[PDB]
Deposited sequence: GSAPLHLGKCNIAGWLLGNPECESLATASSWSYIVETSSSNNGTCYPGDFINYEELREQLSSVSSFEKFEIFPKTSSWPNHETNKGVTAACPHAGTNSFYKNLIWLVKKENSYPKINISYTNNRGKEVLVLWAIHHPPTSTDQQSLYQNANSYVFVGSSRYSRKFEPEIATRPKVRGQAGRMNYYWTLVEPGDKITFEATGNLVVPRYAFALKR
């Protein structure tokens, strides 16, 4: 039946790449009562239950590097987005399938990048939107005070206006990042535009039910 057992992780931690969570087909995902690794940065996983339904069984699943880390972001910083909320063997780390992009040399140029699905299968893309707790953090991370993020395909369209809001400390963090996903149909294009606050895809998933 090719059960998929995720060990001590849940679907969110596995797909985002929680470093503590470090399969090509399955008829069901084993549900346990003792998994203790999920999302490590506080924030809401939007439409998580719908994603679990979409992934309940898949006949083909392949992770691929949708936006290669070393070539996709030449004017942004790719190696500083780590946090004690997402440890990896005690070190500050982060989700392995996303990159927490930050400013480079006191500048955050506009991002405008697209992926066109040439795979003949649906592509599942995940990203996150960071809401810092203070204007100090907004400036430290992204330079620009008033940013936006747009994500659009033929099926999905949303403009995000990141907020500055001090929230209760969770895993040391008074900010939040909300997690998002969409399925990109074969032949379609997904575009990401941003002037700050975008936790970009690095790895995405080609799949067939």
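Missing from the model relative to the deposited sequence are positions 1, 24-27 (no C-alpha coordinates, numbering from 1).
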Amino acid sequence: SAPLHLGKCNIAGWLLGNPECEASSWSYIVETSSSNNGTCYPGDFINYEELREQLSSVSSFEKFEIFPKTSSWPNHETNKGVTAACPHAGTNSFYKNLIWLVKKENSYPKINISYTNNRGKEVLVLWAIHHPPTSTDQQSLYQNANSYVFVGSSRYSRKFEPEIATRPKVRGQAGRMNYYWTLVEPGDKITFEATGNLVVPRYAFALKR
From here on, numbers count along this sequence of modelled residues.
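With 35-43 and 149-157 compared on mean CA B-factor from the PDB entry, the stretch scoring higher is 35-43.
Note on 87-95 vs 102-110: mean CA B-factor is higher in 102-110. The PDB entry assigns the greatest CA B-factor among 178, 173, 57, 182 to 57. Set against one another, the Cα B-factors of 18, 191, 25, 195 in the record reach their highest point at 25. When the modelled residues of the chain are ordered by C-alpha B-factor, residue 9 sits in the highest third. Among the modelled residues of its chain, residue 207 has a C-alpha B-factor that falls in the middle third according to the deposited record. Ranked within its chain, residue 121 lands in the highest third, by CA B factor from the PDB record.
The deposited CA B-factor of residue 78 belongs to the lowest third of values across its chain.
Among the modelled residues of its chain, residue 66 has a C-alpha B-factor that falls in the lowest third, as given in the PDB entry.
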